[PDB]
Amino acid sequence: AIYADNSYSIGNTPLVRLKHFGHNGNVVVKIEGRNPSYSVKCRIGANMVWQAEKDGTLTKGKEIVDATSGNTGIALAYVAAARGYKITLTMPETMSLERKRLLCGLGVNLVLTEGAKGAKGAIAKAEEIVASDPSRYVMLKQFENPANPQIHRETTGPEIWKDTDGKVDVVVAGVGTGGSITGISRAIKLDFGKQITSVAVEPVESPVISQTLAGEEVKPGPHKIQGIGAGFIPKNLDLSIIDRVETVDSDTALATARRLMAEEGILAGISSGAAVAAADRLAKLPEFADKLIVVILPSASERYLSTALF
């Protein structure tokens, strides 16, 4: 049919079988780059705004303010434009001019914080703006807002169930906010009732999930896998539903993304390479060689044309 604005067209992304990964086609990828603003975050940008409207914490008067240097900023931007909200985003000077030209193009009130301060500097300034007029500003908080995993439970998960005819055995997904793996796992394990293996993927350079579950010292670090590796356990990561954690290094993630392009003709971002590299590893263990493995590919290549990818 016909969507009443762009936010309602989220999802229904396709499953594509890989030929040069896995074993005899047991690895399939879900291309989340085919979304209204071309990442998985389109789903949570839409539903966090929808939920805040249904809750009344977001009205025609109110203005969105958030701290995000990634795909969630673009997602909130396209949704705020599609639905008539003013929006302010904060971020460090670190950001590529193209990501800033994109956000200004979408009409964001960009507020730039100190580069050396980083992500914490951005979230600090956003909270001060929200302190100015709490009745005027709404922060949606992707790391904590349950509307984030809820939309994956209502769309991403069921799409995977339907398109595989219940045959999905494994879901592999990088963890940023954690909403994707949390929502998908809850839908397939709890609503459809199938005991799959939920595999979280994190950078080996910042393996805080592996370290936490192992009761080891939590040592966050810098990495190049944009979209994952927050360096902490997000509230929207439901640890209780995670069966397995795979770590991937930045160079392997980048090499795997280039292989997806050159060998599969799939234009995937760098966190897409990390998730596929973790999936290939499981898929070549005899214990998974007959299982159907579904891998989330969060974003598209051209988000990364001027980065280490090319």
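All residue numbers refer to positions in the sequence shown, first residue = 1.
- Message: Comparing average C-alpha B factors as deposited, tell me which of 86-94 and 233-241 sits higher.
- Response: Comparing 86-94 with 233-241, the higher mean C-alpha B-factor belongs to 86-94.
- Task: Going by the average Cα B-factor in the PDB entry, point out whether 298-306 or 12-20 comes out higher.
- Result: Stretch with the greater average CA B-factor: 298-306.
- Residue with highest C-alpha B-factor in the PDB entry, from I181, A124, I209, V204: In the PDB entry, the greatest C-alpha B-factor among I181, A124, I209, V204 is found at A124.
- Query: Among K167, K189, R99, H152, which carries the highest Cα B-factor?
  - Reply: In the PDB entry, the greatest C-alpha B-factor among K167, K189, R99, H152 is found at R99.
- Item | For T57, the third of its chain into which the C-alpha B factor falls | Highest third of the chain for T57's C-alpha B-factor.
- Task: Rank-wise, by C-alpha B-factor, drop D66 into the lowest, middle or highest third of its chain.
- Result: As the PDB entry reports it, the C-alpha B-factor of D66 lands in the highest third of its chain.
- Item | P134, C-alpha B-factor rank within chain (lowest, middle or highest third) | Highest third of the chain for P134's C-alpha B-factor.
- Where does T72 sit by CA temperature factor within its chain: lowest, middle or highest third? Within its chain, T72 is a middle-third residue by C-alpha B-factor, going by the deposited values.
- Looking at the entry's B-factor column for C-alpha atoms only, identify whether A147 ranks in the lowest, middle or highest third of its chain. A147: CA B-factor falls in the middle third of its chain.
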